[PDB]
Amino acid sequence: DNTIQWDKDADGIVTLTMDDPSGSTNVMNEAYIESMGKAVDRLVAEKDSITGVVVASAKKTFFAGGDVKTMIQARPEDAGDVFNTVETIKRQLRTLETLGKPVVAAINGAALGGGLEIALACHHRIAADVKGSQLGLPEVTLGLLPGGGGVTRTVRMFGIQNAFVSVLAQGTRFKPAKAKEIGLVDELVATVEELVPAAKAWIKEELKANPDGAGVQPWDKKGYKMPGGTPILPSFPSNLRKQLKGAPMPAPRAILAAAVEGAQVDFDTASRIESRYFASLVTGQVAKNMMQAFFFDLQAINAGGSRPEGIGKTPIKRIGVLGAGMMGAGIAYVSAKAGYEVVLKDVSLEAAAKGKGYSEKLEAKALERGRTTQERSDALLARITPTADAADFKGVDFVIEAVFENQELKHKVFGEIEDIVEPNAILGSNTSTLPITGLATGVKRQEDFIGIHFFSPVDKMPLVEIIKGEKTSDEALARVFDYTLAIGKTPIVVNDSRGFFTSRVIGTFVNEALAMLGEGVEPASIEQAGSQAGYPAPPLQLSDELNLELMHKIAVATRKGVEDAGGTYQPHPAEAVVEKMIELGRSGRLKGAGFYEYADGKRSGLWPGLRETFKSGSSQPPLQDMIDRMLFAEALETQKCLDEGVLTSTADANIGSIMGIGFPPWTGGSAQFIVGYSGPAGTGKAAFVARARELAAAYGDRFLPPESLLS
């Protein structure tokens, strides 16, 4: 069905209104391509009676972008048909661009991806200043690239350097004021009522001030020189050139390829180069992994996928944090970012006041960077009130414990506070591994007790792992689910079990690298395989952040938990490496020494005496084997959480692995890595199963795939 209504006044200015009936948002589906074709074909058939075009929308947004439902189904053999589709898109925008008549975009809200590309094919872009309006080309975050002329036009507008670093490489979303300054928007208006009138007025004015250049883009005139001069030069871009190697993620380098190759030719050939690289990424497996995680899975979580279905909102009044530390003091800051009053408690009043001081050091740094205002700085600190008296906790309807990880201590910390807080107060616990059901026995109201696991530093980490105990009510689960969306963080819901999900899966990752070291692998190759696999932090570097002595008793609870069941326990080969590192007095960053040497709180080089300790060099496995040993460990462990019921959806698994433990984004998550694996022996789950058995026959039975993956 049609998606664009045709409006023409007496002056001769046609108004194309993009009103897609099949949804609330205009999106580059097959229906739009049908409409824009017949709408651009009419502007050429009535060329003699039209003196200008206006492109508007009838939604709260302008245009949302490409049809991700169809792009994620694009098989590699569809590469040729995909090339023809985007060519048809750009041919319509190129004809509209060269009518010889002015064309103005009346941007009335969000204009993303395909939407900004439509507006870039215009000669003038008027945008409103409405709260929530965003503009940009964010398809790089999905492993794609601006294929509707976004790459070709932005390079012609700002040159290779500016267009790539600002808009294309990172897919930055802009507010209309920031979009006008960089050159993405030519004029601003107050409200949407005056968007269309200001467009026709600008057309009337341009038709007499620039009667020859009207409708002629700056890069179609005779003497055109691209800004920055026409053209592998990865030295001028910023220090974020780790994405330009294109090794795990091919999208950033492919964009730079289409840009640099498109600057040496004319506009029409530059466009076709853009189309060739677009069909290359779209039909790839990396783009499907990213389309799955950072579009489908994210929206499913922010739409309440894990949240219980029939619970309403319970507004929060006052919050209480039991224990101010690296997490407790950070918990107070993120909560005080919103209008939530925060009461902080610790052992002594100075220990509670010290926790607030750390929250003030972040605001002082933000003032030096001009992030917010001074009146907003004093108002934020006016919501944090540290104390050592429990009477201040009276009136708190949301408790977040963050004391020392001690079971009999947390039963005492709540025993002091459960009678003084509100009868409907949430008894939230922030524990790394202690079972929630074993912690709720210390409070009277077990139905309101719940686990709320943050990640340090709290101000930076966007994930909150909500752990549900056996007694936890679904209403308290929803009240925490809403609190997470209020602090700007993403929630996942986990059933109570030893290791939860985020610490259990990251354990198999750090235990795999420590295993190789005990087997006799060069410590440089372990960090190389980690970096090449796409982990933001190499595993030995991550093993010094998490304390080794903290990881010691993690291996003591598991051993005695299997022996209590009357069975023989099988130790992980990494356990011997930990005990060896503990014998040598190197326990991690906190102690000041670990796999890396540390000085003044910074990370120096790897420990020189490490190679002699583990006879490094005796084991030299293939680099892909090392890469796949760490990835398959997390993917198999994630699968066993879905079997045991620790997780209830792959979307939580995928988003949990990415935003929580640093799983490589190109995999799309630890669950997606099973259905999206690709090796020299195939793609998909069967190929994942075959590769798993290959690693198993060589290294150990821990790589054997569970039954749920077989048939």
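Each residue number is its position in the shown sequence, starting from 1.
A chain break between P457 and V458 is not present, all residues of the deposited sequence in that interval being modelled. Relative to one another, 212 to 220 and 151 to 159 have unequal mean CA B-factors, and 212 to 220 is the one with the higher figure. Averaged over Cα atoms, the B-factor as recorded in the entry is higher for 376 to 384 than for the other of 519 to 527 and 376 to 384. Residue-level inspection of the entry shows that, of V104, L142, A635, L434, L434 has the top Cα B-factor. Note on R504, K361, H124, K489: the highest value goes to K361, judged by CA B factor as recorded. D48: CA B factor lies in the highest third for its chain, per the PDB record. In the deposited entry, the Cα temperature factor of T484 sits in the middle third of values across the chain's modelled residues.
Per-chain ranking of the deposited C-alpha B factor places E274 in the lowest third. The PDB entry assigns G330 a C-alpha temperature factor belonging to the middle third of its chain's modelled residues. Annotation for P227: C-alpha temperature factor in the middle third relative to the rest of the modelled chain, per the entry.
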